[PDB]
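See below for the structure under consideration.
We place every Cβ from the backbone using ideal geometry, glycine too, and count neighbours over all the protein chains shown. Computed from the coordinates by the stated procedures, all read-outs in this text should not be read as laboratory data.
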Amino acid sequence: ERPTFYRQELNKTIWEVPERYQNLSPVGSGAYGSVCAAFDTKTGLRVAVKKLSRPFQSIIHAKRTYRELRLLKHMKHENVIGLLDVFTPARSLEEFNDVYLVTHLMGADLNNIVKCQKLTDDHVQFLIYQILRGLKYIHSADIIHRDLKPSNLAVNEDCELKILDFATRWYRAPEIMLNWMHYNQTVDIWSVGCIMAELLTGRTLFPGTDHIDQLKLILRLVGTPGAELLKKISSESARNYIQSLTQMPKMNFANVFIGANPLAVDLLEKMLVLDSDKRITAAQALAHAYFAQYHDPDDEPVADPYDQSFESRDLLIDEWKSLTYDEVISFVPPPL
Ligand SMILES: CN1CCN(c2cc(-c3ccncc3)c(Cl)nn2)CC1
Ligand SMILES: Fc1ccc(-c2n[nH]cc2-c2ccncc2)cc1
Ligand code: NA
């Protein structure tokens, strides 16, 4: 049942992966973990192998490890990164302390291609359509990405895009900047608008230096909140700030994004609305005339129900670790 593992040291960390994965070369490391590119001999595809860093060192870490595994196992969509394999070199639960995730290898992210080439309107259409297509799938399972940004959008040479990890502040919705605890899925739509504006102009839309400067840059373009939006702010300390600034009017998006496709400008206006209740959804954005060449209602599927009840649970270290263990053995690979 269990395959054969081989041990090797890459960078300053260790890797114990099955024999089917060969030629492990590092791609990029961080606080999340170490990612290696490998060749899968069972399928012939190039894969990305991610070793989690300290998966069960604290309650926050153990729950986070369980959350990522449950999330990656549920995502089955062409525009969302999915799990090709999940393994551990441990034979029992007692020695279980390392988790490895395997997925399709993507050569670059949207950050590596935005400044390398100012994208044409046709390429922006295809890239943003793929984001919204994957966002409709994610949002249909009551999941919010919360951290959409160019580095979180993997693209290959074929212009095919996938969402990952479902300055960062440059793409954050203003309701999160104001610490509103009841934001909805439309915070991701705000990030898409910031990303789509960057691809069209080649510039970061809101390159704020801090949480304060970020809001001033946003309010400079979309204007200060009106009376309808002000009625929805319960935090008196929040209103003590917004109602105290110099009131900014909403700028003409056709003038700010001059020379761009008028259909692209119209979509940005519906995406970059201050009031989150009036922001366009992912499903509505797919039907926008900007994506007429790509929109297909019968090929924009939704996700199966996702059980998020674990998020409101207070468990111990071994309990989160044992639940993560169960998800490893119960994994079923996707069909070839
Ligand atoms: C902001 N993010 C940048 C990329 N992140 C990534 C990228 C990958 C990946 C997937 C497929 N092909 C290559 C690499 C993985 Cl597996 N994990 N995190 C790490 C954090
Ligand atoms: F300046 C702003 C910027 C954003 C908002 C906002 N948009 N949608 C929801 C909110 C919001 C922000 C803070 N508290 C409640 C609601 C309100 C005022
Ligand atoms: Na992965």
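At a glance:
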{"item": "Point-charge dipole on Cβ atoms (K/R +1, D/E -1) for the chain, about Cα centre, debye to 20", "result": "900"}
{"item": "The range 234-249 - phi-based ³J(HN,Hα) in whole Hz, Karplus 6.51/-1.76/1.60, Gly and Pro as x", "result": "8, 5, 5, 5, 5, 5, 4, 8, 5, 6, 9, 6, 6, 5, 9, x"}
{"item": "Kirkwood hydrodynamic radius of the range 108-302, Cα pairs, Å", "result": "17.2"}
{"item": "Integer Hz, Karplus 6.51/-1.76/1.60 couplings in order for the range 255-272, x for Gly and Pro", "result": "7, 5, 9, 4, x, 7, 4, x, 5, 5, 5, 4, 5, 4, 5, 7, 8, 9"}
{"item": "Distance (nanometres) between label positions extended 7 Å along Cα→Cβ at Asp275 and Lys76", "result": "4.0"}
{"item": "Dipole magnitude of the range 108-302 about its Cα centre (Cβ charges: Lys, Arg +1; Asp, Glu -1), debye to nearest 20", "result": "840"}
{"item": "As computed over the chain, the Cα convex hull volume per residue (Å³)", "result": "157"}
{"item": "Per residue Cα convex hull volume in Å³ - calculated over the range 238-303", "result": "109"}
{"item": "Per DSSP, loop trypsin sites (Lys or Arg not before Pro) in the range 1-104 with at most 15 further Cβ within 10 Å", "result": "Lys12, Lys42, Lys76, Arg91"}
{"item": "Considering only the chain, percent of DSSP beta bridges that pair antiparallel, nearest 5", "result": "95"}
{"item": "Furthest towards positive pole of dipole, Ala154, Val302, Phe206, structure part the chain, Cβ charges", "result": "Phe206"}
{"item": "Within the range 15-107: Cβ-based charge dipole about Cα centre, in debye rounded to nearest 20 (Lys, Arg +1; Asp, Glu -1)", "result": "300"}
{"item": "Filtered trypsin sites (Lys or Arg not before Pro), the range 260-336: DSSP coil and at most 12 other beta carbons within 10 Å", "result": "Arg313"}
{"item": "For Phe87, residues with placed amide H under 5 Å, excluding near neighbours", "result": "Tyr100"}
{"item": "Too-long pairs where the Cα-Cα distance tops 27 Å, listed order kept, from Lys51/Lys115; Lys12/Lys115; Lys118/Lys270; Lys63/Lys232; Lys51/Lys162", "result": "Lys51/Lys115; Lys12/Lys115; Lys63/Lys232"}
{"item": "Sparse-neighbour loop sites [GluC sites (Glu not before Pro); the range 9-113; at most 15 other C-beta within 10 Å; DSSP]", "result": "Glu19, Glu78, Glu94, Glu95"}
